[PDB]
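No gaps in the numbering here: position 39 of the sequence shown is 74 in the UniProt record's numbering, and each next residue is one more.
Just so you know, even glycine gets a beta-carbon here, dropped at the ideal spot from N, CA and C.
One structure below.
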Amino acid sequence: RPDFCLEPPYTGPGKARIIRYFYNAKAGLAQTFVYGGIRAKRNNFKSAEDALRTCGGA
Numbered sequence: 036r037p038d039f040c041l042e043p044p045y046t047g048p049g050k051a052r053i054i055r056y057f058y059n060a061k062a063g064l065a066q067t068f069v070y071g072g073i074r075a076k077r078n079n080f081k082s083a084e085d086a087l088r089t090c091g092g093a
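Written as C-alpha cells, this is what we have:
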C-alpha cells in the first residue's frame, strides 16, 4: 500500500472548505473530510473510487 494511505487527512492552511476523500485504512473505506484548498497531502482524493484504487491494497 503506498505509504501516504495510512496518514491522517490534512486540511492544510487554506481557508476554503472543499469536500475531499481520504482512505481510512482502519475502516478499509474512503471517508470525506474538509480540505482548505491548498498544499494537499497525498491521502486526498476527489472521489471514493480514486481513494480505493490508489490505497485499497492489492
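message: In the DSSP output, which residue or residues are listed as bridge partners for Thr67?
response: Start at 1 with the first residue of the sequence shown, and residue 67 comes out as number 32. Looking at the DSSP assignment, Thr67 forms a beta bridge with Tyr56.
field: Same chain, Cβ closer than 6 Å to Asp85, five either side skipped, listed in chain order
entry: Counting from 1 along the sequence shown, the entry for residue 85 is found at position 50. Nothing listed; no residue qualifies.
- request: Report yes if the C-beta distance between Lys76 and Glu42 is below 9 Å; otherwise report no.
  value: As a position in the sequence shown, residue 76 is number 41, starting the count at 1. As a position in the sequence shown, residue 42 is number 7, starting the count at 1. Contact flag set, yes.
message: Quick check: the Cα distance between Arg36 and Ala93, rounded to an integer number of angstroms?
response: Here residue 36 refers to the residue found at position 1 of the sequence shown. Here residue 93 refers to the residue found at position 58 of the sequence shown. C-alpha separation (whole angstroms): 8 Å.
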